[PDB]
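Let's start with one chain on its own, the form deposited in one PDB entry, as structure tokens.
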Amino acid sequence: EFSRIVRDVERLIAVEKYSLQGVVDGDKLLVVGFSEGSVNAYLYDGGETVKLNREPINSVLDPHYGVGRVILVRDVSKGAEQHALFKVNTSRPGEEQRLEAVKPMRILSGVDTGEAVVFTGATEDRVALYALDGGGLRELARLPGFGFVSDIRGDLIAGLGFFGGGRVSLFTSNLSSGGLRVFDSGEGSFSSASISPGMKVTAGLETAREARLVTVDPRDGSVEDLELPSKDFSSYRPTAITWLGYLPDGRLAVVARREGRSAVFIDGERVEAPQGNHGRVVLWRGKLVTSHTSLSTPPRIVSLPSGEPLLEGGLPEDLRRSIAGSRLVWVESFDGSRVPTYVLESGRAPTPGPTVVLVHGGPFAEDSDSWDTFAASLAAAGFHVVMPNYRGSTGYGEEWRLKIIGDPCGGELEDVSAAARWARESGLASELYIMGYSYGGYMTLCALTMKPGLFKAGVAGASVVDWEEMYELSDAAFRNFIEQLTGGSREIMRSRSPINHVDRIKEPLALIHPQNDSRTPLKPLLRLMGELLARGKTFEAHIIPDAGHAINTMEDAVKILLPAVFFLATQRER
């Protein structure tokens, strides 16, 4: 209701947000910005920003340093994520030419050397690595599951693949001849990779314990630790490695992290940076630049080590104030595991007060000290926010992440429930709600069906309600995803699907869903609405038009977020 809720939700979404993609058109920053109502690509060279694309896009391919063009990735299916590629000569912004040799497909990742575009894509029958050059399109290799291109140097192509059991393998190929070589580590998963001058692969390896840098030789697969000049990086003992890449001057840039915050290193030496999380690091005009974000700082571009902002959307002081504080707490779970949980105390709610356990998606993702529009809106609306990194989350080692494999709506739901208990027992919460999108929405449905009475009400957006029907509606990448998560078991696919436990729901439920979502399809949700109806269950639903899982306009963001906040405010009335 409140026109107040609406203005805050609108304003939070309206704040401009930027991601750093690279350096192009000689020496200009290439950035993707959620600005002017949607997701666009821009060039930045010290002053005014110049828009490269026409209609909104979803992303751009990673350009090689200085290339004179940008490759836009744009959904041509009204949200179903069948993307087409469009190139823009950086000397003629606004003029696009579609790469017609590439039929629409789910584009997963890509790099542009300036002479060749190398990308991974998913169709109904497969996931593959492709190369498009002066001679046309070539399929370099068929991949086992989600795979992403990380880097290209010379004829060598390096990437990361989720090829089995939740583990991430490294893979290589040749631009000229294609082919596939998969490198698995028995110690953990590779998280980042960049080809060295010596033509070997430098990669971040996340183990049960610490994460570390290694050198993989493509020719024989031998692996050895990589030691850097400066020991700052090694003594930091990172638990995860976000990204790494060689700068033009040959120096190795690494962004690593622990407990939800990251640090920047150049050849092993620490480089001061604003507190929170950082993205890729680029050398621009001899200077270091990166993206930065934190729970109170929308994604922005800054210079290091000063932290001065090059591109930044301003968060209004009043909205900034609605977040009275934040903490990282370690929730005690059913089996004694400690669940790292970020907490946001609303300056507009009392203590104890209305609290929302906002569950992250993925499952391979994490709640860190990074901007979260959903969280900020709840705080502005008067709710404390509890964000737990349930098992399956990234950021706390290989072991914690892999526990979810073969156990959806099992141990991780116990962690979500423990975070709820902690909220109550610690004195923060007077009443509890659960809210989440994607895997998080799945968790809302799992909570309401398997833990009736735990929460007062639940919000489920772009959620999974039935693994079976979703599977039958999935492309090659998502079918493989579901097989890995469920261990390939039909029993698990069925028993862990909320659609088969509707009778147990007792709390009000709000369903929010983009009509053309191709990751978590709408069809099974319509069946869920039928069951709720037939069983006399209380519920509301909001289906968003011409949109899918990847929101790319400010108005669509309002359509998926506003109903959620209105629903909770109304429940809060009792």
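Only residues modelled in both forms are compared. Quick note: we count residues from 1 along the sequence shown, nothing fancier. So that the term is clear: the rigid core is the largest set of C-alpha atoms that superpose within 1.5 Å between two forms.
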- Test item: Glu366 lacks coordinates in at least a third of other entries: no
- Query: Coordinates for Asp475 lacking in at least a third of the other PDB entries compared?
  - Reply: yes
- Item | Which of 523-531 and 28-36 has higher mean CA B factor, as the PDB entry lists it | 28-36
- Task: Would you tell me which stretch averages the higher CA B-factor in the PDB entry, 368-376 or 208-216?
- Result: 208-216
- Item | Top Cα B factor in the deposited entry, candidates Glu100, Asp184, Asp475, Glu414 | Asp184
- Task: In terms of CA temperature factor as recorded, identify the highest of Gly114, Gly178, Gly406, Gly121.
- Result: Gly114
- Message: Sorting by Cα B-factor within the chain, modelled residues only, which third would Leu315 end up in: lowest, middle or highest?
- Response: highest
- Item | Chain-wide C-alpha B factor ranking for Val50, given as lowest, middle or highest third | highest
- Query: Thinking about Cα B factors across the chain, which third does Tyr44 belong to?
  - Reply: middle
- Item | Where the record places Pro63 (Cα B-factor, split into thirds across the chain) | middle
- Message: Ranking every modelled residue in this chain by its Cα temperature factor as given in the entry, which third contains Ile551?
- Response: highest
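One more form of this protein exists, namely the form deposited in another entry; it is left out here, but the text below deals with it.
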- Message: Which residue of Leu311, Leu244, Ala418, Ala158 is the mover here, meaning its C-alpha shifts by 2 Å or more between the shown form and the other one once both are aligned on the rigid core?
- Response: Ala418
- After the core is overlaid between the shown form and the other one, has the C-alpha of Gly66 moved by 2 angstroms or more? no
- Query: When you overlay the rigid core, is the Cα of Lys403 off by 2 Å or more between the shown form and the other one?
  - Reply: yes
- Relative to the superposed rigid core, does the CA atom of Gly121 travel 2 Å or more between the shown form and the other one? no
- Do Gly33 and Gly325 move together or apart in that other deposited form, judged by C-alpha distance changing 3 Å or more? closer
- Message: Can you confirm the direction of the Cα distance change for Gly325 and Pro274 in that other deposited form, closer or farther than in this form, given it is 3 Å or more?
- Response: closer
- Note on the structure: Stretches of at least 3 common residues between the shown form and the other one with C-alpha displacement of 2 Å or more post rigid core fit fall at 1-6, 35-38, 314-367, 374-474, 476-573
